[PDB]
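Please read the structure below before turning to the comments.
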Ligand SMILES: COc1ccc(NC(=O)CN)cc1
Ligand SMILES: COc1ccc(NC(=O)CN)cc1
């Protein structure tokens, strides 16, 4: 991996691993999501971050994912090389955005794209704080000044309002728990595990006959390592689904999302 | 990755990823186990396998893991480079063995080692069988002829008989289920998931104060994607030792037994 010539974005190549592929001999969407997360971390390290700034560590402030949107046109097989380009952008006082472009390293064609919204939070009180002027200045020297969007189109899937699934759900997977492998270096559940949990309630026949083209996921609350999750799905339609992750006990919402699947 | 000069072993380098590390800022034993599996698959591909031979595919035969033994002296941090060397060896009609040596690519020092026993099974009936002469000749051209052991020592930990945990277990983690990420390309539960399930019943205080040095795991039966597992652990012991058992949640059918050795940080 390396920052590009202008130093305002970062590229990295990954050779797809044997254990990273699913039943259709291609990388799972969870493998793709882990690769996006890895190239984002490597971009942060290359420009001097932990992605907390100096002001943020003094104030006990962190960036948290509010939304993840991923569109995949082609999944890579075991042995294939995926090139990922990533960059960040300030969105005023609302927060920050991280975007990705996925390419087949051999042909140079675009095989996918992703966008994510991040909000500022106090790590102890868990209260959202709105971006301050001091923090914005520290982040802007690493971001392109003119807008650079992975999803530019006016009225695109990435900025759609997602509704709350109504009981009863058409499909469900109950009693989902994280294990130690699902936790990051700070003992928090990895954001990619929530994507896996959402997809657990899609029936196996859809997975066997369709490929996932689009996934939009809102993050409302964290799931703790001792929490239990229920995954709910309803067909809204290509096949489209509405999703809800909630705590098994009280029914507290942790995530809501939508998926779009194409017939193979 | 590449086969070595003599073509009888395979080497590969891996840079440790941000999502591959645990609470200690080092690679989890599950990340290590996935890397061993990846370098084993790349070794098989480099010499023409897919690791069924031509005779095995004709007779609906597969290699299945009977035992996995891993010893780690040092865990790599995010950004570190781990070099893994792997090779195979015939063990007569009992089966085959795959061995690994893990090194720090920068210093060249040995940071870990692993050995695994594989038995032949008919894919459909699930019946184990001894290795035939025709199969033996087909993989001996890819194996060193003189013995080459990652665990050469006489009374080494890798060949120890593991007992069956007696109820009640000291610790337990109940209702463990695989998700789609835990399944391989053939929709079978990945062998590394069983290692994670065994470790789920170790208390968090041991994980917070000790590092895993050794893990020996016997594979008795396969867990299906719609099966539920219970993970059981009892302390048997500076060092901490545990006895482990994975069994199906319903009938209590054994799927795995194992032992772990942990050293104080
Ligand atoms: C109430 O505000 C929020 C709280 C939590 C999140 N996200 C996560 O904690 C998921 N990693 C997003 C917004
Ligand atoms: C009946 O004998 C055996 C059955 C299964 C295994 N191993 C695995 O299925 C590992 N996933 C080993 C021996």
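Chains as they are written, first to last, in my numbering: chain A, 2 to 265; chain B, 1397 to 1661. The C-beta atom is built at its ideal place from N, Cα and C for all residues, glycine as well.
Residue 1517/B: member of the beta strand (DSSP E) spanning 1506-1518, first to last residue.
For residue 214/A, no Cβ of chain B is located within less than 8 Å of the residue's own Cβ. Residue pairing for residue 241/A: DSSP places it in a beta bridge opposite 261/A.
Its chain contains no residue whose beta carbon lies nearer than 6 Å to that of residue 146/A once the 5 sequence neighbours on both sides are disregarded. In the structure shown, residue 79/A falls within a coil segment according to DSSP collapsed to helix, strand and coil. By the CB criterion at 8 Å, residue 110/A and residue 12/A fall outside the cutoff. Within the same chain, 98 come within 7 Å of residue 92/A by CB-CB distance, once the 5 residues on both sides are set aside.
In the pairwise beta carbon analysis, the region 1418-1434 of chain B is classified as not touching the region 40-51 of chain A: fewer than three pairs are separated by under 8 Å. Beta-bridge pairing by DSSP links residue 1567/B to 1629/B. In this structure residue 1587/B is buried. Its beta-carbon is surrounded by 16 or more other beta-carbon atoms within 10 angstroms.
Note on residue 6/A: under 16 other CB atoms within 10 angstroms of its CB, so exposed under the neighbour-count rule. Contact annotation: residue 213/A and residue 63/A have beta-carbon atoms that are not nearer than 8 Å. Beta-carbon to beta-carbon, residue 1591/B and residue 1658/B are separated by about 14 Å, too far to satisfy the 8 Å threshold. Take residue 118/A, set aside five residues on each side of it, and the residues of its chain with a beta-carbon closer than 7 Å to its own are 67, 68, 96, 98, in chain order. CA-CA distance, residue 36/A to residue 15/A, rounds to 8 Å. DSSP places residue 1561/B in no alpha helix (DSSP H); its state is neither H nor E. Its Cα nearest to that of residue 1498/B, the residue 1477/B stands out among 1477/B, 1599/B, 1570/B, 1574/B.
Relative to ligand 2, the beta carbon of residue 1430/B is positioned no closer than 7 Å to any heavy atom. Secondary structure at residue 1398/B: strand, using DSSP grouped into helix, strand and coil. About 7 Å separates the Cβ atoms of residue 40/A and residue 2/A, confirming a contact at the 8 Å cut-off. Taking C-alpha positions only, residue 257/A is separated from residue 198/A by approximately 11 Å. The same chain holds no residue with a CB closer than 6 Å to that of residue 20/A once the five nearest residues on each side in sequence are set aside. In its chain, beyond the 5 residues on either side, 173, 174, 177, 198, 199, 201, 202, 246 have a beta carbon closer than 7 Å to the beta carbon of residue 232/A. With a threshold of 8 Å between beta carbons, residue 22/A makes contact with chain B. Note on geometry: alpha-carbon atoms of residue 237/A and residue 166/A lie some 10 Å from one another.
Within chain B, the residues placing a beta-carbon under 8 Å from that of residue 201/A are 1575, 1576, ordered along the chain. Apart from the 5 residues on each side of it in sequence, residue 1509/B sits with its Cβ closer than 6 Å to the Cβ of 1467, 1497, 1546 in its chain, given in chain order.
Relative to ligand 1, residue 52/A has its C-beta separated by 7 Å or more from all heavy atoms. Distance from the CA atom of residue 1651/B to the CA atom of residue 248/A, rounded to whole angstroms, is 30 Å. Fully contained in the region 7-77 of chain A are the following beta strand (DSSP E) runs of length 3 or more, in chain order: 11-16, 62-73. By the neighbour-count definition (other C-beta atoms within 10 Å, threshold 16), residue 1433/B is a buried residue. In terms of CA proximity to residue 1426/B, 1578/B leads the group 1495/B, 1578/B, 1647/B.
Proximity of residue 18/A to chain B, defined by a Cβ-Cβ separation below 8 Å, is satisfied.
Shortest gap from the CB of residue 1461/B to any heavy atom of ligand 2: under 7 Å.
Just measuring C-alpha positions, the residue of 1621/B, 1640/B, 1413/B, 1502/B sitting nearest residue 186/A is 1413/B.
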